[PDB]
Amino acid sequence: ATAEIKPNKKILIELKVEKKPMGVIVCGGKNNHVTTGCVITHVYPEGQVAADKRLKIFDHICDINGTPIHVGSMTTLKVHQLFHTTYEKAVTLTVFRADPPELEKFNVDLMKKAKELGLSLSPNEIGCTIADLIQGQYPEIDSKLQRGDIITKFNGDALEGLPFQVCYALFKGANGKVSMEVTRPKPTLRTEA
Amino acid sequence: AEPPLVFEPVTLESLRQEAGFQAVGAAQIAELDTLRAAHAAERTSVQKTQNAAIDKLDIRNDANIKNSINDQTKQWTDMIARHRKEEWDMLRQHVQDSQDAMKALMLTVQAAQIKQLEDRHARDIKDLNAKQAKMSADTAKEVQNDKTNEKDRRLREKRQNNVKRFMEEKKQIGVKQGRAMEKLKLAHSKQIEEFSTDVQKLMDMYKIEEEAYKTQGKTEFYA
């Protein structure tokens, strides 16, 4: 059932859920920026995924309860719904972590006005993963950022494994130019419709 | 047409865009935008106050301002829980009101496809009959060409041999048409299945989004 999940190898795990929220932010979908698979970008501590203590960030979920996770034939809402559905027992997943983990690193910039930013951030060990993005304000993020896109820098300040209070403060500062370094997963495709 | 009809599948997304659902879906969408207008004003108001107070209080980040900013990161998340509960409440309500009517539209749209195919099948039969009528004419005209009342035995025998060819063609095309009909109808049965389950998954997802948020919004702040 439960395995070791060594990187760069597909390991089939059996994770006990029992109607409990998994608490993960995933990216995937045909209408999504991540079109090459489903990848965890954030794990919440109160959820069952952190309760499993086996899934770090940038792990490609290829299968989920005997269901191959192909992002090409599913909308982003359908992939997100997989992780936000009730499950009675241990869920069977095929997970593919890598060393080095496959990822593309790009950058973003803009100027701020006062109009808030419209991003709900959840600090991670990697950065600050976007949990909710408001459309209709500051259109640049609308065409570049998404729920699941992790922010690793702000005003030149890295957000790697930082306390909650510090990230809140420096994001609250605004008042001018802005610059964020982002990381999006571009994994090797590993399924078929 | 020349190729067989290919029907677009009847999904939940396709129904929203149908003509009958419009009088209902517009009113539902209208309710959401007003309530979202109510929500949008309130976060704007809460953002003004929070962003106006945080300007007061440096890079020490060890002071007694930690309980103050997580006071903000507490009250704002409590408000957002209230917002999203109001939203999910309305969405589920919209599903209950429209639920029976949407089942009805899918049945009616699918019925339309059945009639479309039925008509297509009717034209195919008329086409076969035309081909066969010309066949009968070609056999009579050819009997007038050759010679051997003394030669009428071969034409009647050709007629006995064509009715058999005709009766078989009608038999086999009906078989093909009936399979097309059965396949189409099965498509519809699966559509009704995936419609019902997608709605069930939606509601469940709301339940689990709602539940997970209580221990998650504490780990989130708004920028």
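Scoring rules and cut-offs
Residues numbered from 1 in each chain as written, not as in the entry; some residues may be left out. Chains lettered and ligands numbered in written order. Heavy atoms only, no water. Residues with missing side-chain atoms left out of burial classes, pairs and counts. Helix = DSSP H or I, 4+ residues; strand = E, 2+ residues; numbered from the N terminus. Domains from an automatic or database assignment. Contact = heavy atoms within 4.5 Å. Nonpolar A, V, L, I, M, F, W, Y, C, P; charged D, E, K, R; others polar. Axes fitted to C-alpha atoms, helices over the stretch in contact; angles between N-to-C directions. Parallel < 35°, antiparallel > 145°, perpendicular 65-115°, else oblique. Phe/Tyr/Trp six-rings, centres within 6.5 Å; stacked < 30°, edge-to-face > 60°. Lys NZ or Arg CZ within 6 Å of the ring centre and 35° of its normal. Pairing = 2+ DSSP bridges. Polar contact = N/O pair within 3.5 Å; in protein donor to acceptor, adjacent residues only side chain to side chain.

Looking at the entry header, you'll see X-ray crystallography listed as the method and 3.2500 Å as the resolution.

S.K.: How do you make sense of the overall build of chain B when you look at a structure like this?
M.R.: On a plain count of helices and strands, chain B comes out with 4 helices and 1 strand. Listed by position from the N terminus, the elements making up chain B come as α-α-α-α-β. Principal axes of the C-alpha set define a box for chain B whose edges measure 120 × 35 × 25 Å.

S.K.: I keep staring at the domain arrangement of chain A and nothing clicks. Help me out?
M.R.: One widely used convention gives an interface's size as the accessible area the parts lose upon coming together. Residues and elements named next belong to chain A. Here chain A is partitioned into domain 1 (1–102) and domain 2 (103–193). Contacts between domain 1 and domain 2 engage 26 residues on the former and 25 residues on the latter. Mapped by element, the contributors of at least two residues to the side of domain 1 that touches domain 2 are β2 (24–27), β3 (39–43) and β4 (59–64). Counting residues per element, the side of domain 1 that touches domain 2 draws most heavily on β2, which supplies 4 residues. Class assignment for the residues of the side of domain 1 that touches domain 2 results in 14 nonpolar, 11 polar and 1 charged.

S.K.: Just to check I follow, could you spell out the interface of chain A and chain B for this structure?
M.R.: Taken together, the contacts link 29 residues of chain A with 29 residues of chain B. Those elements that provide at least two residues to the side of chain A that touches chain B are α2 (76–82), β7 (119–123), β8 (128–133) and α4 (164–173) of chain A. At 7 residues, α4 of chain A tops the list of elements feeding residues into the side of chain A that touches chain B. A class-by-class count of the residues in the side of chain A that touches chain B yields 13 nonpolar, 11 polar and 5 charged.

S.K.: It is not clear to me how the packing of helix α2 (residues 22–53) of chain B against helix α3 (residues 66–145) of chain B should be interpreted in this structure. Could you clarify?
M.R.: Two packed helices can be described by the angle between their axes and the distance between those axes. Residues and elements named next belong to chain B. Their axes nearest at 11 Å, the elements α2 and α3 cross at an angle of 180°. With respect to their mutual orientation, α2 and α3 come out roughly antiparallel. Considering only residue class, the contact of α2 with α3 consists of 8 nonpolar, 8 polar and 8 charged.

S.K.: Can you help me understand the packing of aromatic side chains in this one?
M.R.: Two measures describe an aromatic ring pair: the distance that separates the ring centres and the angle between the ring planes. A ring pair is formed by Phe164 of chain A and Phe221 of chain B, whose centres lie 5.4 Å apart and whose planes are at 85°; its orientation type is edge-to-face. On the criterion of chain membership, the pair formed by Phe164 of chain A in helix α4 and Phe221 of chain B in strand β1 (residues 221–222) is interchain, its members lying in two chains. When the ring of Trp76 of chain B is compared with that of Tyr222 of chain B, the centres are 4.8 Å apart and the planes differ by 5°; the resulting orientation is stacked. What links up through ring pairs into an aromatic cluster is the set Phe154, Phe164, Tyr168 and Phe171 of chain A together with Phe221 of chain B. The cationic tip of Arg84 of chain B hangs over the ring face of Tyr213 of chain B; the distance from NZ or CZ to the ring centre is 4.9 Å.

S.K.: What am I meant to see in the pairing of β7 of chain A here?
M.R.: For a regular strand, side chains alternate in direction, first toward one face of the sheet and then toward the other. Here 5 bridges tie β7 of chain A to β8 of chain A, and the two strands are oriented antiparallel to one another. In the sheet register, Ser122 of chain A faces β8 of chain A, and the bridge partner there is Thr129 of chain A. Pairing analysis gives 2 bridges linking β7 of chain A to β1 of chain B, with the strands arranged antiparallel. Note on β1 of chain B: the bridge partner recorded for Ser120 of chain A is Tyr222 of chain B.

S.K.: Explanation requested: the side chain of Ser122 of chain A in the structure shown.
M.R.: Here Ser122 of chain A is to be found in strand β7. In this structure the side chain of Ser122 of chain A is engaged in a polar contact, spanning 2.9 Å, whose partner is the side chain of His42 of chain A. With sequence-adjacent residues up to four places away left out, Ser122 of chain A is seen in contact with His42, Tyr44, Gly127, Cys128 and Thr129 of chain A together with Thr219 and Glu220 of chain B.

S.K.: For this particular structure, what's the right way to read the packing of α4 of chain A against α3 of chain B?
M.R.: Where α4 of chain A contacts α3 of chain B, the two axes come as close as 10 Å, and the packing angle between them is 75°. Compared by their axis directions, α4 of chain A and α3 of chain B come out roughly perpendicular. Residue-level inspection shows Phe164, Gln165 and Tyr168 of chain A of α4 of chain A in contact with α3 of chain B, the latter providing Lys66, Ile69, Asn70, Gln72 and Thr73 of chain B. Counted by class, the contact of α4 of chain A with α3 of chain B contains 3 nonpolar, 4 polar and 1 charged residues.

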